[PDB]
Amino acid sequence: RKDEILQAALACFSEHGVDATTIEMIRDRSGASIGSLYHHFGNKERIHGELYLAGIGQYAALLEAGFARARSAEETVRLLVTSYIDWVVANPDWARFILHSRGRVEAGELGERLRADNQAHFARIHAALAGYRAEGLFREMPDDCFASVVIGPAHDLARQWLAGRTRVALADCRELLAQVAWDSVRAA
């Protein structure tokens, strides 16, 4: 179970830091042999990038599931926000890891896959929003601006919260951030 191996790696990385974690620590936490870790993935660096890609992959999967049942532009926008906040609250160590690891992954051998994954993710979101945008349901702005207005507050609060720099529980701001995202981008 590759998922089991990635969660072991995450636990090691969170406890000891990335650089101080060895492949030995991952086999001992995961119960998989070193041969097995290589068969499923590869060395520590490959496992590190796969952990990254799986984490962003989980957010994209939430969106895919949700776009299918969203009943309105409002729900579609809210989904981008609640999916991120809920995923972070459920996976705080994984969120921390993702927020600190992109540069490292893009620099290495999984850089191409990261680009392709990112492209697929953006494309699905763009397709989900496009009919509503055509219907004039949103205030006029560039697609990149829309993206940052919808998710920027949640990204920013999550970053502060994870670093222990807030006086609020992230889950306690879920409804507010969803509501503000919709109110920020909806037509006047």
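Numbers for residues come from their place in the sequence shown, where the first is 1.
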Higher avg CA temperature factor (127-135 vs 44-52, as deposited) belongs to 44-52
Once average C-alpha B-factors are taken from the entry for 84-92 and 107-115, the winner is 107-115
If you check the C-alpha B-factor for each of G31, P142, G152, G66 in the entry, which is highest? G31
For the chain shown, is the CA B-factor of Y59 in the lowest, middle or highest third of its modelled residues? lowest
Position of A171 among the chain's modelled residues by C-alpha B-factor, lowest, middle or highest third: middle
Quick one: classify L162 as lowest, middle or highest third of the chain based on its Cα B-factor. middle
Taking only the Cα B-factors deposited for this chain, tell me whether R71 sits in the lowest, middle or highest third. middle
Chain-relative CA temperature factor third for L177: lowest
